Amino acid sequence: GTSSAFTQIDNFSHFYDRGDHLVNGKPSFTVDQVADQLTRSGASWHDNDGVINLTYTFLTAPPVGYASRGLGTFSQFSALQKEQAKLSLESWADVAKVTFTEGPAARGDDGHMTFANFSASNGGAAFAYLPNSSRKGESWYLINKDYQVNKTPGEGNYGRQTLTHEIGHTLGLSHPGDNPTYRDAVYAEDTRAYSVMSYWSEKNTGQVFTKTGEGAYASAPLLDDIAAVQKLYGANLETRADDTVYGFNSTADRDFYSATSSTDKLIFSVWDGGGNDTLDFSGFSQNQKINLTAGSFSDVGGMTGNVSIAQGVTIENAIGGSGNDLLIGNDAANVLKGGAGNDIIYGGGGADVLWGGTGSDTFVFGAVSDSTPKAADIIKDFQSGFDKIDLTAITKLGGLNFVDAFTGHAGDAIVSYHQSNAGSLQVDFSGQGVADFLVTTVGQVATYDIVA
């Protein structure tokens, strides 16, 4: 078999797998299947210039016919609502080729949106209309003594998510399905771990974002929302196309991608147009599981299934926190830093740069192609006697034959050291008489530091 360390990596890499199986008695839909589900109405703004340009207005007065809507007292968005709305708009503009510009309807635009508040509960907490309706672009928000959620929207709270959600609706995203409960959902991933359009809590899919008495809501489009809006309007490859850090020490310039404290509750899906990117979760003390696979989920900041990388996005680096984390790279050359604590790092393909950090770390390899002589991983701070190079997924615990020179026998391995403080582990898995696997290190590696 393999070690527990490999099994932990493998299990996590597949933990959130989607499609072709039932979950909660419902079909599991892949992100693409959900993108179809979320755009099933066929409604969308139309271009052309290749980009949809919408204008929007925070109404200062009730439109003609307003009183017949039964919404009660009309009121303009406060400065705080406008500020948050603009952030929500931006979060959609960031991922899809649609822009929002404050201003009255204009002949040159592709559509016009309005925002305003109403006071009569009978209207609902908030609502919006699809872009093919007579009230295309409109979204309305309830505010009265009995319902105060929309009066103070802010990063992470439902008021901000409501703005994001209603706008997603004005863009053409439907709610995931048609007292209903998650039981009536069409597919398993109909929860707010996957889409801000869902009415159901992440608890239904097992993720944990917060506890009773506290609110925790993604302020920006989540994984499936990004796929859905991009299916409608095209991916916006221009955003953050330069090098970007998400999380702690964020350089994304977005409130929902920034962490400044260990208690921060991050719930976001990373969209990026290119650049050597990093997921920095160094400031957390809780166990984390970071997956750099595109379209995959990570357990971050003491929560689970709360961070994801959008389909089509390549993230190159990850920095774990002080807990005992799992770090999973992708095919690209990744720089993975464990942090304090005992981490299990799996570079994947390409020539990775691995930092175990303090603590006792395990560097897992699941295939020979993971670390070849022509593209060898380098463990930058290997600590003999504490860290481990785990090849059990390859050897299946068959063991290795440590020799000073390859004999032509499969399984022969050579541990070397150069007193540039550089070590290396070479292996001839295929038995060709030469190394087909190579891992270099800064710091000595001993035969007893290898699990095979």
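So that there is no doubt, residue numbering starts at 1 and follows the sequence shown.
Asker: I'd like to know the size of any gap between residue 47 and residue 48, counted in deposited residues with no coordinates: none, 1 to 3, 4 to 9, or 10 or more.
Answerer: The entry has 1 to 3 unmodelled residues between residue 47 and residue 48.
Asker: If you count the residues of the deposited sequence that sit between residue 178 and residue 179 but have no coordinates, do you get none, 1 to 3, 4 to 9, or 10 or more?
Answerer: According to the record, 4 to 9 deposited residues lack coordinates from residue 178 to residue 179.
Asker: Higher mean Cα B-factor in the deposited model: 29-37 or 395-403?
Answerer: Comparing 29-37 with 395-403, the higher mean C-alpha B-factor belongs to 395-403.
Asker: Quick check: 148-156 versus 268-276, which has the larger average CA B-factor in the record?
Answerer: 268-276 has the higher mean C-alpha B-factor.
Asker: According to the Cα B-factor stored in this entry, which of the following is highest: 305, 131, 234, 373?
Answerer: By C-alpha B-factor in the record, 373 ranks first.
Asker: Highest Cα temperature factor in the entry, among the options 221, 215, 72, 329: which one is it?
Answerer: Most elevated C-alpha B-factor of the set, per the entry: 215.
Asker: Which third, lowest, middle or highest, does the CA B-factor of residue 353 fall in along this chain?
Answerer: As the PDB entry reports it, the C-alpha B-factor of residue 353 lands in the highest third of its chain.
Asker: Within this chain's modelled residues, let me know which third the CA B factor of residue 320 belongs to: lowest, middle or highest.
Answerer: Residue 320: CA B-factor falls in the middle third of its chain.
Asker: Please say which third, lowest, middle or highest, residue 421 falls into when its CA temperature factor is compared across its chain.
Answerer: According to the entry, residue 421 has a C-alpha B-factor in the chain's highest third.
Asker: Sorting the chain's CA B-factors, does residue 227 end up in the lowest, middle or highest third?
Answerer: Answer is lowest: the recorded C-alpha B-factor places it there.
Asker: What third of the chain, by the recorded C-alpha B-factor, contains residue 202?
Answerer: Its C-alpha B-factor, which the entry lists for residue 202, ranks in the lowest third among residues of this chain.
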